[PDB]
Amino acid sequence: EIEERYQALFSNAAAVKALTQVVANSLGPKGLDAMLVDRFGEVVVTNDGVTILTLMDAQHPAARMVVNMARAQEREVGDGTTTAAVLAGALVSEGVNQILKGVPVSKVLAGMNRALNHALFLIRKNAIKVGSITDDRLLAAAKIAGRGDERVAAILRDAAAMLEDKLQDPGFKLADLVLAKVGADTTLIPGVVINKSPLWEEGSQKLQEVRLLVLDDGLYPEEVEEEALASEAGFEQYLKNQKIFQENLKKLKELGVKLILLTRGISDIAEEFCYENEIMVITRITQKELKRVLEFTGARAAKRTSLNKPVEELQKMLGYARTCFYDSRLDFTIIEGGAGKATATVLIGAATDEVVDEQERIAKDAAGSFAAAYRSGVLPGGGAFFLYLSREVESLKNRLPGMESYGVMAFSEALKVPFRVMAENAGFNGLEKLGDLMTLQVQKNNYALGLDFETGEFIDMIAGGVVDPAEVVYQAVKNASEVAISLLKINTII
Amino acid sequence: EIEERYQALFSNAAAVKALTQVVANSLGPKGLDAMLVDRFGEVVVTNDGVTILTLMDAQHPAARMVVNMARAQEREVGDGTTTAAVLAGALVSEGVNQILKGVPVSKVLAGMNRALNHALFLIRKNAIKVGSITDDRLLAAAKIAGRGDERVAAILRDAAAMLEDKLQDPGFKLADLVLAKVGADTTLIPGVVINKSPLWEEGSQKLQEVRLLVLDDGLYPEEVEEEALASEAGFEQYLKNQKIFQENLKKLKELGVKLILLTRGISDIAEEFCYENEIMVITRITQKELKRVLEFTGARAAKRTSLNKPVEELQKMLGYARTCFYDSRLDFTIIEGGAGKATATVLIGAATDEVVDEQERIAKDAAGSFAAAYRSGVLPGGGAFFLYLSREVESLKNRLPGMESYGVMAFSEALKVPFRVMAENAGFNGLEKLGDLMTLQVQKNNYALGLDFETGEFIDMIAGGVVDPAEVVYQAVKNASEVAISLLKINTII
Amino acid sequence: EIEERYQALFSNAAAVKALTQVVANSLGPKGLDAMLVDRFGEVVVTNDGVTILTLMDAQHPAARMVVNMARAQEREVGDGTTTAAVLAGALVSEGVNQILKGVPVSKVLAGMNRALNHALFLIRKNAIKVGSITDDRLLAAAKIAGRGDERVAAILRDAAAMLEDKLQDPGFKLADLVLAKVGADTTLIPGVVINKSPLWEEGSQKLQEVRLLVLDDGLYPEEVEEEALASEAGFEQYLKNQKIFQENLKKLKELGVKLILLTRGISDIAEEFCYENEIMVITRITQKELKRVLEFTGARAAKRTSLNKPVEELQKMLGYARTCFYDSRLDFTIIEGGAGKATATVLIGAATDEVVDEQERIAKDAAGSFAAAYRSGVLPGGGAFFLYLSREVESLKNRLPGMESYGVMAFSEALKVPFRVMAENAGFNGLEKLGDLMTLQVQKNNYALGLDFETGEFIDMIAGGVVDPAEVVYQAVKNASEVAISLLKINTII
Ligand SMILES: Nc1ncnc2c1ncn2[C@@H]1O[C@H](COP(=O)(O)OP(=O)(O)O)[C@@H](O)[C@H]1O
Ligand SMILES: Nc1ncnc2c1ncn2[C@@H]1O[C@H](COP(=O)(O)OP(=O)(O)O)[C@@H](O)[C@H]1O
Ligand SMILES: Nc1ncnc2c1ncn2[C@@H]1O[C@H](COP(=O)(O)OP(=O)(O)O)[C@@H](O)[C@H]1O
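Residues numbered from 1 in each chain as written, not as in the entry; some residues may be left out. Chains lettered and ligands numbered in written order. Part of a larger assembly, values for the part shown. Heavy atoms only, no water. Residues with missing side-chain atoms left out of burial classes, pairs and counts.

For this deposition, the record names X-ray crystallography as the technique by which the model was determined and cites 4.001 Å as its resolution.

Dropping the structure here:
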């Protein structure tokens, strides 16, 4: 009859475990996978964790409170979300075990934050900063998210090299430098690209000294309500506007415009006019492509209505853009020599329109990895650094008194969880390889020793081309710990 | 068959306890959060008790009769609600023990009232007056109820020091003098502020001898019914009201106006007029800001119809307000040098627009506390003074006869409950620490000893910078006692 | 159907655990008692472990095999059996936990052995040897086993001073030099004593230069079969034997004998003869008294046939024994100044012939304790050294490879068990006290800090006058370890 006082806590834990016990199947390079079902019998097989974190039917409030945290992680990295997830769940489950033994909650948390703060603090000092831009460690940082095609790693690396100065700019994501096209040849372009064919085509074509205008709109004349097409006067507005459209066309041919970019379609009047005035134009671009060409050229976003300015303000919304080339043998457009910022574009080849959507995603995780690796610093992957963390946390067991000492230890052993799982995924005896490795680390005084989950032999992870970005690990730990804490702060349910 | 006679009592008690066992979790510096659910599956995690009191499905008459009390105190105090709640539940629970043991109900209540009265008298007599409006005890009094935040303490101290004169007016609450701004800097301002930019902005600008008028409205021309605009007379009348509009605008430019304040919009014609006459304008301000500037400048609130006043009685409804300055690099407006009373304004800095609504919640708890701190009367917090109360109540056990004597005793032990819970919230053995402290107070004869619920060693709460205001505890006790009384006077249910 | 392969393990474990869970209640100075039943409805309340180990109806093979260990240590030491019992049971439980976790058996035990060896190594090396025999640490070593009779301690240490040289023969027990007697005065006697009144009363009487003969027999004439009294020749041989008996009596009166010692009865002729020759005699003494006086006087044991010796072996078969005194007002006899071995005699006072039997029980364990304390040296009691052991064993957690490391840890935490129990017997939060003491010990680097299970204050145990003998702890740990080891090698039950 004493169960109620501890009811709620368990009520949460059982749920949390039930979640992580699933994602654990998919963790690590030789992770497994999970199969989700919607009531309509829809079937999905994911091997990536985040997908499963998103799609799994988990209505339990706790699980939700883990999911929100997962969302809080995907916003910052793209890789190593599964890590903080599993870590959270373990911290919860094996965390509560000490509370059940008789250690009161608040005094558990009290030691746990100590463990956390200390963990981060040591991550800071141990975050291996590069001091280079050519380092192989970065290339590998892209490789692991890259899944190991050093081609992608190389081109992304060279690309980031070309723009090292704006790697200091928080208003910049490297992931944006990638657009993939089917059957292309994996390479780099020192400018911005638009994956489209121009309005009228007659083979690969090039223009120089490009005066261009960009529009977040389409090229039709100004509209008035539809009912007004039955009022004759509205018709007079129609003819008048028909005049002012062409007038504005001449206003464009006045300033020497030779190129036009639109997000929609084009009127026949415009098509004919352009056909006559040697001005090239491309339609239906992405709002993101819009943003990129806008930033690169230094132009101003314009629409239909901004045609009424008197040619004097026209020189204020234009673009340049040193050179421009459309390839018919490759079916796309290249803009180079912008007078704004200097973004490039990395293109990746594909087979069908299937892989073509994933290649850029891999590019995103790669570039993001590289970005945080160059910015933040690297820690050894393989879950190996978590072990150094583990023992160096366990150390506080007897440096600070109180029952807090227990909580700390709970934290400590929890940090051991990742590696084992990976190993136990790759088919190893988790305990043998964990104990052997954790013993090995001390007897070699190296926190970088870990396991190649393919051979079975232990190697140096940095030399294995296996590392993680500092901030990724840092904020993974940071969020996961706090969601755990704020989960065990729960006492009751109504 | 005599179990029936007491039925109702349990029906209430069992409910009451079941409620309070939750709120105790929220008491004290290391309280535990609770997880509430609405039947639609709505989820919430709260840590302060008052929040928890509301979503909890408690249709039970007793529970309702406690909720009403808590809500009734937060309406009248603001701090120490969790406390009086728990205390009430305790008086009920430890109250019934004597009734079941064999003490008749009325004879319980009768002594309980006596215990109450004595408690009150002792709170009054032992209430520590400040006599130094600058005293550190007050600053701390703002700190612990606030959340610490030594900035707020400082600014509040400066505010109360510069304005000690209005601590004698009971028709005034200090807490409303706080407004927070995103990215601002926690400081004190000797005037009234509006956190928005005036009608035309460029740089930080200041004007002197400010002629301002206040309006609980906006600057548009006079409106007429939509049907009445279909009578032709409505159009020319529209011209007419526009006429009286222009007349009144010129009537404004007559008086030397340099500033305008509105709670609504502005006519473009009017805006043109103001732009033409070097007149500054602010729109859609807070009504609280309205009232504050109204008091500060000594002006009178007026609206559009009072524009027909003949410029000479209009000159009496105006304001000044010696100086007024808008800062554009911080985005707000400050008015100082009113010729009426001289109220100030406390400014609090923030990170984002999320936290921006929460700091006022600490500020209200802070300032209000300080407000009650000069008014009162400081007592040691930590629930530490309650034990002195307890024992000094137990003293009456054998100086007064009757079975009434029993009721009193119950009362005494009830007072011990808060501290106890605090301890077992902080993860200490409540009975042990209570036992140690209650002896310790006698062996040092100071009612100021309590326990640091973080370290574990006992200190003077005054020396810990941790105290509570008198009046809050006074009516907290009075109310909790009174609801307990009206709860145990219950015999039956129909 | 795969559960059947682990059946035996729990089948034993549950038993061992259930036993030690009982004996633990009684462990330590504030241990509790248990109420044992014989089927006849006989009731027993025990507080000492050994009693409980003996009377408890525990037929389960494992439990029996623990009883065997208790029997095996109490027989070889006398103190510190309860400890090794509890420790054993703990080793069992925390042993199985890792198997349940997944650590395979053999790879656990193999290293557990390493843990043992290192533990022993620490017991040897850290044993503070005395080198002074007068050291207070020894007096205390007797004190803790003594139940707090500084008299017993003092007299024992002074006695040991008298025999520091003969403490080296293991064919000697110091505990035997103590016998307690009703209404006596707790003191030391420089000889061997016999607590009986001789066949002669005269008042307190003293004799010197005693030429004495010792007999593992009685003073009867030579006996002949009752049937042989039907053979006539037996009558005259009986008379002749009656003659030779008195003849040898004269042979005794020849030698200047003044004292006679018998283990059986006395013939009437012998009795009269003895009365006539001023010779004092006592009958039916203890065999232990027999051997000790045999060692002391240097006399030789004799029987019936050795009356036929030709006046030649009598001068060598006698005893001496310089002085001898019988006190009738204290009711016993004292022999001092022997030319043989040099045993002394410690006498302790008592109330009735009941307490006189428990007093000797305190005396034997006391003397034994002191014996091993001088024999090997002392280690700190209070279960305090087991924690040092715990940590210094834990040091091997990452020092040794293999899946084995984990097993070591179990060992470590097992060593933590005693203190906790002690504390939780004394009514403290065991875990809290561990958390405080285990840290306190490291940051002060002394393995001698522990807890006074009365106050709550921590003290130095050697400075607290509370210690254990080295060899005792050594072989206690050794035994518990070996029984645990030999218990977990069990696979099945048939
Ligand atoms: N190819 C690999 N070799 C060794 N370790 C790996 C490899 N890939 C991933 N890991 C380890 O798995 C963990 C998570 O990898 P990550 O790329 O972040 O996947 P996720 O984003 O699913 O967590 C990291 O700690 C990393 O060290
Ligand atoms: N740091 C602290 N030191 C000492 N006492 C404290 C501390 N924090 C809180 N307390 C005590 O605990 C109680 C805090 O709860 P309270 O502020 O009344 O909750 P609420 O404001 O929701 O009513 C107060 O009675 C105060 O005396
Ligand atoms: N007054 C005391 N202060 C500190 N420690 C004590 C005190 N009394 C007993 N102990 C400790 O309690 C334990 C007593 O158990 P023990 O005498 O070994 O039981 P047994 O000898 O029957 O196994 C010893 O380790 C001793 O150090």
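Novice: Looking at this structure, how should I read the interface of chain A and chain B?
Specialist: How big an interface is tends to be stated in terms of accessible area lost as the parts join. In this assembly, 17 residues from chain A lie in contact with 22 residues from chain B. Listed by contribution, the elements that provide at least two residues to the side of chain A that touches chain B are helix 3 (61-74), helix 5 (105-126) and strand 17 (490-493) of chain A. For the side of chain A that touches chain B, the per-class residue count stands at nine nonpolar, four polar and four charged. The pairing of strand 17 of chain A with strand 1 (residues 33-38) of chain B spans two bridges and is parallel. Across the sheet, residue A:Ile490 finds its bridge partner in strand 1 of chain B, namely B:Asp33. (Contact = heavy atoms within 4.5 Å. Helix = DSSP H or I, 4+ residues; strand = E, 2+ residues; numbered from the N terminus. Nonpolar A, V, L, I, M, F, W, Y, C, P; charged D, E, K, R; others polar. Pairing = 2+ DSSP bridges.)

Novice: What should I look at first to understand the pattern of salt bridges in this one?
Specialist: Where charged atoms from two side chains of opposite charge come close, those side chains can pair. Counted under the stated rule, the structure contains 40 salt bridges over all chains. A salt bridge links C:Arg391 to C:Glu392; its shortest N-O distance comes to 4.0 Å. The network of salt bridges with shared partners includes A:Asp217, A:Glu223 and A:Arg304. (Salt bridge = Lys/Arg side-chain N within 4 Å of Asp/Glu carboxyl O.)

Novice: What is the right way to read the domain arrangement of chain A from this model?
Specialist: All names here are of chain A. Domain annotation for chain A reports domain 1 (1-128 + 377-494), domain 2 (129-189 + 342-376) and domain 3 (190-341). Just the C-alpha atoms count here: the centres of domain 2 and domain 3 sit 31 Å apart. Taken together, the 16 residues of domain 2 in the interface contact 13 residues of domain 3. Summed over the three residues of domain 2 that lose the most area to domain 3, namely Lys-181, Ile-189 and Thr-343, the buried surface amounts to 50% of that side. Summed over the shared surface of domain 2 and domain 3, the number is two salt bridges. Close ionic contact of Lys-341 with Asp-169 constitutes a salt bridge, the shortest N to O distance being 2.8 Å. At the junction of domain 2 with domain 3, the criterion picks out eight residue pairs in polar contact. Listed by contribution, the elements that provide at least two residues to the side of domain 2 that touches domain 3 are strand 3 (178-182) and strand 4 (187-189). (Domains from an automatic or database assignment. Buried area = accessible area lost by both parts, 1.4 Å probe. Polar contact = N/O pair within 3.5 Å; in protein donor to acceptor, adjacent residues only side chain to side chain.)

Novice: I would appreciate a short explanation of the UniProt feature "binding site: Mg(2+)" (unreviewed entry) in chain A in the present structure.
Specialist: Residue and element names in this part refer to chain A. In this numbering, the UniProt entry assigns the feature "binding site: Mg(2+)" (unreviewed entry) to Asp-79. By the secondary structure assignment, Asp-79 is in the loop between helix 3 and helix 4 (81-101). Residue contacts for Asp-79: discarding those within four places in its chain leaves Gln-73, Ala-145, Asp-365 and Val-472. (UniProt positions renumbered as here; feature names shortened; annotations may be inferred.)

Novice: Help me out: how do you make sense of the site of ligand 2 in this one?
Specialist: All names here are of chain B. In the vicinity of ligand 2, 14 residues are found, and the nearest of them are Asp-79, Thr-81, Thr-82, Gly-382 and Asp-468. Between an oxygen atom of ligand 2 and a main-chain N or O atom of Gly-80, the distance comes to 2.9 Å. Relative to its unbound accessible area of 550 Å², ligand 2 is 77% covered by the protein chains. For the shell around ligand 2, the element with the most residues is helix 4 (residues 81-101), which contributes three residues. (Near = heavy atom within 4 Å. Areas by Shrake-Rupley, 256 points an atom, 1.4 Å probe, with all protein chains shown as cover.)

Novice: I would appreciate a short explanation of the nonpolar core in the present structure.
Specialist: Looking at soluble globular proteins, one finds that nonpolar side chains tend to be buried together. Counting 70 residues, the largest nonpolar core has B:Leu91, B:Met112, B:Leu389 and B:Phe411 as its most contacted members. Formed by 66 residues, the second largest nonpolar core is a distinct cluster that contains A:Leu19, A:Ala84, A:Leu487 and C:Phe453. (Core = buried A, V, L, I, M, F, W, Y, C linked by side-chain atoms within 4.5 Å. Buried < 20%, exposed > 50% of the residue type's maximum accessible area, 1.4 Å probe, protein only.)

Novice: Is there a simple way to think about the side chain of A:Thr283 in this case?
Specialist: Of note, A:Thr283 is situated in the loop between strand 9 (280-282) and helix 10 (287-297). Filtering out sequence-adjacent residues up to four positions away, A:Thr283 remains in contact with A:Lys196, A:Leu199, A:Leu262 and A:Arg264.

Novice: Help me out: how do you make sense of the site of ligand 1 in this one?
Specialist: Residues and elements named next belong to chain A. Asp-79, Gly-80, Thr-82, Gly-381 and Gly-382 are the nearest of the 13 residues found near ligand 1. Taking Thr-83, its side chain carries an N or O atom lying 3.3 Å from an oxygen atom of ligand 1. Interatomic distance of 3.2 Å between a side-chain N/O atom of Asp-468 and an oxygen atom of ligand 1. Compared with its free state, where it exposes 540 Å², ligand 1 has 80% of that area covered by protein. With three residues, helix 4 is the largest single contributor of residues to the shell around ligand 1. A class-by-class count of the residues in the shell around ligand 1 yields four nonpolar, seven polar and two charged.

Novice: Looking at this model, I keep getting lost on the interface of chain C and chain A. Mind explaining?
Specialist: Each partner contributes residues to the interface: chain C has 25 residues there, and chain A has 25 residues. Taken together, both faces of the contact between chain C and chain A bury some 1,900 Å²; the carbon and sulfur share is 54%. Contact with chain A buries surface across chain C, with C:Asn398, C:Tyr406 and C:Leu431 losing the most and accounting together for 29% of the total. Linking chain C with chain A are one salt bridge. For A:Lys397, the salt bridge is made with C:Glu394, and the minimal N-O distance between the two is 2.5 Å. Counting across the chain C and chain A interface gives seven residue pairs in polar contact. The dominant element in the side of chain C that touches chain A, judged by the number of residues it contributes, is helix 14 (residues 430-442) of chain C, at nine residues.

Novice: Quick question: what am I supposed to make of helix 4 of chain A here?
Specialist: Owing to its 3.6 residues per turn, the α-helix aligns residues three or four sequence positions apart on the same side. Here helix 4 of chain A spans 31 Å end to end across 21 residues, near enough to the 30 Å set by a 1.5 Å rise per residue. At the exit of helix 4 of chain A stands A:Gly102, carrying a positive phi of roughly 140°. (Expected span 1.5 Å × (residues − 1).)

Novice: Is there a simple way to explain the UniProt feature "binding site: ADP" (unreviewed entry) in chain A in this structure?
Specialist: Residue and element names in this part refer to chain A. Cross-referencing UniProt, the feature "binding site: ADP" (unreviewed entry) maps to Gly-80, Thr-81, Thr-82, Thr-83, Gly-382, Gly-383 and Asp-468 in the present numbering. Among the secondary structure elements, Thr-82 is positioned in helix 4. What makes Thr-82 buried here is its relative accessible area of 17%. The residues contacting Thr-82, other than those within four sequence positions of it, are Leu-27, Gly-49 and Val-50. For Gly-383, the position within the fold is in the loop between strand 13 (378-380) and helix 12 (385-394).

Novice: Even after reading the chapter, I still don't get the sheet that holds strand 4 of chain A, so can you show me in this structure?
Specialist: Backbone hydrogen bonds hold the strands of a sheet together, and the pairing may be parallel or antiparallel. Residues and elements named next belong to chain A. Reading across the sheet, the three strands line up as 3-12-4 and stay open at both edges, with mixed pairing between neighbours. Strands at the two margins of the open sheet, each flanked by one partner only, are strand 3 and strand 4. Between one strand and the next, the sheet's axes are offset by a mean angle of 30°, whatever the strand orientation. Relative to strand 12 (residues 345-350), strand 3 is paired through five bridges, and the arrangement is parallel. Bridge pairing in strand 12 places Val-182 opposite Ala-350. Strands in contact with helix 7 (residues 150-162) are strand 3, strand 4 and strand 12; relative to strand 4, the strand with the most contacts, it is inclined by about 20°. (Axes fitted to C-alpha atoms, helices over the stretch in contact; angles between N-to-C directions.)

Novice: Looking at this model, I keep getting lost on the packing of aromatic side chains. Mind explaining?
Specialist: Residue and element names in this part refer to chain A. Applying the stated criterion across every chain, the model contains 15 aromatic pairs over all chains. Here the aromatic rings of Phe-419 and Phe-453 are separated by 5.7 Å at their centres, their planes lie at 50°, and the arrangement is tilted. One end of the pair, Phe-419, is in helix 14 (residues 417-425); the other, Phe-453, is in the loop between strand 14 (449-451) and strand 15 (458-460), and 34 residues separate them in sequence. According to the relative accessible area criterion, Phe-419 is buried, its value standing at 0%. (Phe/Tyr/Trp six-rings, centres within 6.5 Å; stacked < 30°, edge-to-face > 60°.)

Novice: Teacher, can you tell me more about the relation of the copies chain C and chain A here?
Specialist: Think of it as a corkscrew move, a rotation about one axis and a shift along it, taking one chain copy to the other. Between the two copies, chain C and chain A, the superposition gives an RMSD of 0.8 Å; the rotation angle is 179° and the shift along the axis is 0.5 Å. Viewed as a symmetry operation, the transformation between the two copies matches a two-fold axis. A high fraction, 88%, of the interface residues of chain C reappear at the interface in chain A, so the copies pair face to face through one surface. (Least-squares fit on C-alpha atoms.)

Novice: For this particular structure, what's the right way to read the packing of helix 12 (residues 385-394) of chain B against helix 13 (residues 404-425) of chain B?
Specialist: Packed helices, taken two at a time, are described by the angle between their axes plus the distance between the axes. All names here are of chain B. At a minimum axis separation of 8 Å, helix 12 and helix 13 run at an interaxial angle of 165°. As the angle between them shows, helix 12 and helix 13 are arranged roughly antiparallel. For the pair helix 12 and helix 13, the sense of crossing is left-handed. Across from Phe-386, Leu-389, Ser-390, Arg-391, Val-393 and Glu-394 in helix 12, the residues of helix 13 making contact are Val-408, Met-409, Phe-411, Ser-412 and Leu-415. (Parallel < 35°, antiparallel > 145°, perpendicular 65-115°, else oblique. Left-handed = near helix turned anticlockwise from the far one by under 90°.)

Novice: When you look at the sheet that holds strand 11 (residues 332-338) of chain B in this model, what are you seeing that I'm missing?
Specialist: All names here are of chain B. With antiparallel pairing, the four strands of this open sheet are ordered in space as 5-11-10-6. Every other strand in the sheet has two partners, leaving strand 5 (192-194) and strand 6 (205-208) as the edge strands with one partner each. Across this sheet, the average inter-strand angle for adjacent strands is 15°, counted without regard to direction. Pairing analysis gives four bridges linking strand 6 to strand 10 (residues 321-327), with the strands arranged antiparallel. Within strand 10, the residue paired with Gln-208 across the bridge is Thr-323.

Novice: Which parts of the structure should I look at to understand a nonpolar patch on the surface?
Specialist: All names here are of chain A. Taken together, the side chains of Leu-199, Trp-200 and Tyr-275 make up a nonpolar region of the molecular surface, amounting to roughly 360 Å² of accessible area. As for its position among the elements, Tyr-275 is in helix 9 (residues 268-276). Exposure remark for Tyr-275: the relative accessible area of 62% places this residue in the exposed category. (Patch = residues over 30% accessible without salt bridge, like charges linked within 9 Å, V, L, I, M, F, W, Y side chains within 5 Å.)

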